[PDB]
Amino acid sequence: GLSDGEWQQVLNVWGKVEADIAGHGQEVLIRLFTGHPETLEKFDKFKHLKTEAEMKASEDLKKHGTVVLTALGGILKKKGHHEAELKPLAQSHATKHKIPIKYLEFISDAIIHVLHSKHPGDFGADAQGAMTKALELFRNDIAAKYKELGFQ
Ligand code: HEM
Ligand SMILES: O=N[O-]
């Protein structure tokens, strides 16, 4: 788990995301899709996006970015007490969307990259430690649900 201090850092960092949820969301998905094109194939509604320019110009991608980070933000604000929030996401992502846990690793890494990219010099070593711990906890709890379902 995370310490109280670590949770406070996580939620302080998240303040940055909340000032521009769509912009952060868009950049996270673009980072995911460009670094790992196989992930784009999981989205029927985005696999028409051939180029990063098309991704950047896609208002629906920005919209989905907002949905994703809003969901994650709600989870983070539970400070690990997130069973009710996490269970349905784990189940939809395993059973409906067929998203291997590796792709959740990819998007976790994308979040860290985007935070540094948008806030260079303002995402300190302690902050990166705390956010990484929160993202791992999220991933690990999803993985438990994936194992239950025998997914991958
Ligand atoms: C931070 C981690 C993630 C969060 C919080 C998240 C959140 C969400 C939410 C709230 C939805 C809509 C409700 C639902 O279907 O459950 C959704 C849909 C979806 N997610 Fe995720 N997601 C994450 C990671 C991923 C990753 C890495 C992929 C890889 C491709 C993915 C693929 C999809 C797909 C294909 C849909 C359905 C889109 C549609 O039908 O239009 N998700 N996600
Ligand atoms: O973008 N993940 O839903």
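By the numbers in Swiss-Prot, the shown part of chain A spans 2-153.
Structure determined by X-ray crystallography, 1.6 Å.
Cβ coordinates are placed from backbone N, Cα and C, and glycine is handled just like the others.
If you look up Swiss-Prot, you'll see 2-148 marked as domain 'Globin', on the strength of sequence analysis. Residues or ranges marked as phosphoserine in Swiss-Prot: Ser4. Taken from Swiss-Prot, the feature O2 binding site covers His65. The nitrite binding site annotation in Swiss-Prot covers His65. Here Swiss-Prot flags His94 as heme b binding site.
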Alpha-carbon spacing, the residue listed as 'heme b binding site' to the residue listed as 'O2 binding site', which is rounded to whole Å: 15
Structural state of the residue listed as 'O2 binding site', classified by DSSP into three states: helix
Rounded to the nearest Å - Cα separation of the residue listed as 'phosphoserine' and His65 (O2 binding site): 31
Surrounding CB atoms that lie within 10 Å of the CB of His94 (heme b binding site), all protein chains: 20
The domain 'Globin' (2-148), counted residue by residue under DSSP: helix, strand, coil: 114 helix, 0 strand, 33 coil
